[PDB]
Amino acid sequence: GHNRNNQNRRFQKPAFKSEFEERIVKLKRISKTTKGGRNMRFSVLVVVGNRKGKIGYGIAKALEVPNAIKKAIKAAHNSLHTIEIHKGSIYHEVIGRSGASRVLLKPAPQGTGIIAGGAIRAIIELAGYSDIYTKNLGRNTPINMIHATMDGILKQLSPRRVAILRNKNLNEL
Amino acid sequence: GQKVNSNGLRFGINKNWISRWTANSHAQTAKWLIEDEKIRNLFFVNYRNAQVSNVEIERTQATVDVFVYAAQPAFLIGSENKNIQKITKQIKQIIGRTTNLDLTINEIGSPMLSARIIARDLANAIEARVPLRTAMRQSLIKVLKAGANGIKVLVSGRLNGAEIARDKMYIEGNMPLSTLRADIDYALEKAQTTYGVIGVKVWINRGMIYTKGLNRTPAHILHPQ
Amino acid sequence: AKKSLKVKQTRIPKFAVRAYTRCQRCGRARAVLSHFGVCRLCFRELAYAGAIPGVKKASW
RNA sequence: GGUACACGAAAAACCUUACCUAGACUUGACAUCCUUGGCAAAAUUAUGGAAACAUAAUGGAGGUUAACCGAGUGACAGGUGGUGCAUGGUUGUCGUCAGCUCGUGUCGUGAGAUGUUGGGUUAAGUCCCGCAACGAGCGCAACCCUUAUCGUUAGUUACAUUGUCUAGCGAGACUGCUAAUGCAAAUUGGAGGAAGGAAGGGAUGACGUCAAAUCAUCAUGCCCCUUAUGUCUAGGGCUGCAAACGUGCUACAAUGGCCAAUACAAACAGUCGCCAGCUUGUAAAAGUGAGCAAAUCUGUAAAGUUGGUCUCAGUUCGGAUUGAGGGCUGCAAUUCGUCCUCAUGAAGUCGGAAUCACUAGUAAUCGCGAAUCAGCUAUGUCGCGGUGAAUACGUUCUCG
RNA sequence: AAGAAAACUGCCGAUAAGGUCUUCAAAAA
Ligand SMILES: [Mg+2]
Ligand SMILES: [Mg+2]
Ligand SMILES: [Mg+2]
Ligand SMILES: [Mg+2]
Ligand SMILES: [Mg+2]
Ligand SMILES: [Mg+2]
Ligand SMILES: [Mg+2]
Ligand SMILES: [Mg+2]
Ligand SMILES: [Mg+2]
Ligand SMILES: [Mg+2]
Ligand SMILES: [Mg+2]
Ligand SMILES: [Mg+2]
Ligand SMILES: [Mg+2]
Ligand SMILES: [Mg+2]
Ligand SMILES: [Mg+2]
Ligand SMILES: [Mg+2]
Ligand SMILES: [Mg+2]
Ligand SMILES: [Mg+2]
Ligand SMILES: [Mg+2]
Ligand SMILES: [Mg+2]
Ligand SMILES: [Mg+2]
Ligand SMILES: [Mg+2]
Ligand SMILES: [Mg+2]
Ligand SMILES: [Zn+2]
């Protein structure tokens, strides 16, 4: 045997264990009403991103946090969109619209950092982007902010594809 | 609503009695009945680190026989058979010196699928401040991997020291409780916490026993592979 | 005041009619089964655990 | 409130008892841990005592201290003391109603929806179809017990008018066959059958609601008391009484009252018990005394049948209340046991507004047995058998 | 053969105050 073991107590609290890269962005507490009582279920809004150009979001509901957590985990794993970065930032200024939520994204010089806050900051970090100017011009619901932010980033046009189509020279004037 | 005790509902049909004796008179029917409760309670409360799953008592006009199944009999046995003699003296004092005691510590097979040590292990985790969700989930997963049917654990009480009492259940599989032919083992334990008392209830399903006999054969006692 | 009543019941009285029967596990005085020396609510735990030989549920 | 009110309590004279008045006690009537010995506690006889308790006695089983008997000793023991709105455990209720959810998937920005809703069939979310749903779990059903017919084993303590009866195993009923119509589940009819379409009854009661009930079964967090909210004993109290309600018993009567004879049960229980027979007694009962540790002995069956009488009345109805004399249990029957005998003979002659239970061996009714128990106006509770009905057209109204 | 078939009405008012209950996913040899 001689499993050694001296000093310390038990299993303390080590943990690590992760991949790709994520972070909880909201944990709401939804409930329905039945014939006596209230069925209460936790809802989580997880943002999954590899910090290199792959990012997805997943919202899930379950009777307990661990369950709903891993549900949203797999959920984002499934719906992952592809993101392209230019010098670490966003290429052109864009306004993302989703319902009554409008998110303004603006290119930033290398150094300013992520000037975002809330759902947008999580998305920008999880996407890979560094320097980014943002302002939330609408509502403060995390799900709609994520919807608006992703819509703005997915409608982005590459400096290459435009001229290709446009029959111009790569990026040349 | 209220449910009939699962062990008590299956007595006389598929499960035998833990104590099998016939007394002389209604005065000796009470002494021989209280004494065994003391003996069984003694075994279970103290000498607990052994995982004693069930102790049966067998008495005749004057001869008392004890059959004790445990998962770790080293603590009963002690250092070169010490604690065993010690425990023997307790039992003799309880029943009386005029009789003959015949302890028969038997090692147990398939320790997992016994509702006593599982409930005891669940109860032990709660006194050690272990988080309830983690403790319950870890015990169930080892139990499910051990190769049995569904297990239902109900842990009602002032959960996590709360001031409002709750109750958490966790079913995992087909546990037909209304069925008599099933081999369902039931046990109950009192986790004594600094904030009060916790009631843990464990229902375990160990297959289907079409046998019309009452035990008459080791149940989880059997040692399979 | 239960244990003292239990102890006094165990002790013999000075008159025969002074002797009553209490439950032997707990100390309940009323609803005691002389057939078993066990009160009605201790009989459930013993009957539901198999400690009492032959005590099975009844169907009629 | 339903889901409290013949409930906890399956037995309040003492005891129980948790209450009051008093007389007494303080690591205590009970327990462990520790320094330390065991060369006792009992019980009983004395005196003082309402009894607790004291002073004196036989000084006590045993086993050398095992258990206990102690000393010393402080941590403490103790609480039916509070909080069931801190709880565990157990239970009522919707309700044995047919529901309550989960996994994966899909839709929706979202709470969420889907499955679980449609059409048929059931007691049933029971099943079959349809179906962005596919499956699963708990519940439902069956497996369990018992009753209804038979086969087999056994024949005493049953039977012995010879195959009852008792208890082990098994067979039997499976919409199994047929007719009708439905895709299919399935519905109805018929056949045979002891039993036909959950053959009757019981155990079995999902997630949950009501912060439903219990700290007074027990256990327990916390708070409170610690020469007193703890302990022992005697007496009282839980049994009151201008009143109101609930649940039952007895009646107001000739479908009956009284007297005599007399036939037919099942189940259960019994050695401080069941008590046969005999003797005494107007009777409750006493004495003698077998038999039975029990299919052996004991625990009277009554309604029912026949005969006599009463002749519609406050009575030969109805038994209350009151007085006296007895019997039993128990130290002890006044507060406050019941039984018998004699004496008396309230109300009541079918009960207002409004309400309860019940669908066959059921309601109604007649006895018998058991539990707790020394004894007990238990007319209560849990059981067993005898006799044994009426009605259901229908869901318009009523409750859920 | 083209039928239908028909509502019907009485009355029916109120319910003291403030109040729990979601602890948490960090995730687990
Ligand atoms: Mg409702
Ligand atoms: Mg007590
Ligand atoms: Mg008594
Ligand atoms: Mg109630
Ligand atoms: Mg008293
Ligand atoms: Mg001596
Ligand atoms: Mg000595
Ligand atoms: Mg409550
Ligand atoms: Mg439904
Ligand atoms: Mg649909
Ligand atoms: Mg369907
Ligand atoms: Mg059933
Ligand atoms: Mg309450
Ligand atoms: Mg208390
Ligand atoms: Mg007294
Ligand atoms: Mg009373
Ligand atoms: Mg004879
Ligand atoms: Mg006679
Ligand atoms: Mg009369
Ligand atoms: Mg009197
Ligand atoms: Mg009916
Ligand atoms: Mg009018
Ligand atoms: Mg007003
Ligand atoms: Zn008891």
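Note that chain C carries Swiss-Prot numbering, so the residues on display, from first to last, are 2-61.
Header entry for method reads electron microscopy, 8.7 Å.
Note: Cβ is positioned from N, Cα and C throughout, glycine not excepted.
Residue density at C:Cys40 (Zn(2+) binding site): 21 other Cβ atoms are found within 10 A of its Cβ, drawing on all protein chains shown. Residues or ranges marked as Zn(2+) binding site by Swiss-Prot: C:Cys24, C:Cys27, C:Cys40, C:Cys43.
Note: the Zn(2+) site is recorded as C:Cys24, C:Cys27, C:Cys40, C:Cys43; in the same chain, C:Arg23, C:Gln25, C:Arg26, C:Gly28, C:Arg29, C:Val33, C:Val39, C:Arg41, C:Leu42, C:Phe44 also have Cβ atoms within 8 Å of that site's Cβ centroid. Under a cutoff of 8 A between CB atoms, and with a sequence separation of 6+ in the same chain, the neighbours of C:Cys24 (Zn(2+) binding site) are C:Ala30, C:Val33, C:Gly38, C:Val39, C:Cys40, C:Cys43. Per-site Cβ counts within 10 Å over the binding-site residues C:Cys27, C:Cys43 peak at C:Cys43.
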